[PDB]
Structure formats: C-alpha cells, structure tokens
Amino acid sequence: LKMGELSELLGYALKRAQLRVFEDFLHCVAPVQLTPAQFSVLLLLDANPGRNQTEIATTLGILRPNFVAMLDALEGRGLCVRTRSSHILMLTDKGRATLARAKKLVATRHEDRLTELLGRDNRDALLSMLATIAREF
C-alpha cells in the first residue's frame, strides 16, 4: 500500500503508538479484566479518599455520562461502593486486590518491556514531550 502523507503526521504515529500500548496493556492485565481507564479510575479512587466523582472524571479527561456508566459497572463487579449512610466512592477489599494485582502486572510484563525497548533516557524523553502536548496543545 501507498501510505502517502500519513507517514509525515505525528498525529498518526502517536495514535498507532497509543493503540499498540493499549492492546499490550489489555493482554497483560487480562488476569483481572481491567481496561486502562478502569485501571486509572480504581488507582485514583484509592489514592484520593474524600473527593467526589467530579474530580476523578475531569482529571482523567472522561466525560460525565461516560464516567457514570463506568462506575455503575465497577460497582456492578463489586470493586467499589459509595460511602454509607453518596457521591464519594470508596474501593472495597476486592477493589484494592484487583488494583494491587494490576499494578503488579502493569509494572512487570508491560511497562518494563516497553522501557527496555527504548531505554530510560528516551522513555523519559517521551514522557516529557507527551506531557508537554496534553498540557500545552
């Protein structure tokens, strides 16, 4: 195939890089069936006790309908609950076990292998120029 002027677009490579990383993420954290978003959601609810849904969603760039959909299924699966009695969620013991198991899988097979592929200096380079993009573009 003639890929033409797609090979000249940073937009394109970023999007294919993003997709590949996701597919690997998923394959690694398939013992616990978390998507990268469910992962980031459980991680932020654990690390931030006493903060409403408003703040998790907007921080991960997730839209309010979509976020409410997400939680409902996290709740459905038994990984979070609302405080009792609410708009503050808390994980459950299973939630923390799913999160801990997932940081394990994420760090071991996935992130390290990714890191070796490029080395520290370039991984660190990439984290930088990606962060500059989301913040400043």
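One-based numbering along the sequence shown.
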Exercise. Enter the number of deposited residues without atomic coordinates between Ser85 and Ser86, binned as none, 1 to 3, 4 to 9, or 10 or more.
Key: 4 to 9
Practice problem: Take the C-alpha B-factors listed in the entry for 51 to 59 and for 34 to 42, compute each mean, and give the stretch with the larger one. | Solution: 51 to 59
Quiz prompt | Greater mean Cα temperature factor according to the PDB record, 19 to 27 or 114 to 122 | solution = 114 to 122
Quiz prompt | Cα B factor band for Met129 (lowest, middle or highest third within the chain) | solution = middle
Quiz prompt | Third of the chain's Cα B-factor distribution that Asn66 belongs to, per the entry | solution = middle
Self-check item: Chain-wide C-alpha B factor ranking for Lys94, given as lowest, middle or highest third
Solution: lowest
Quiz prompt | Within-chain third of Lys103 by Cα B-factor, per the entry | solution = lowest
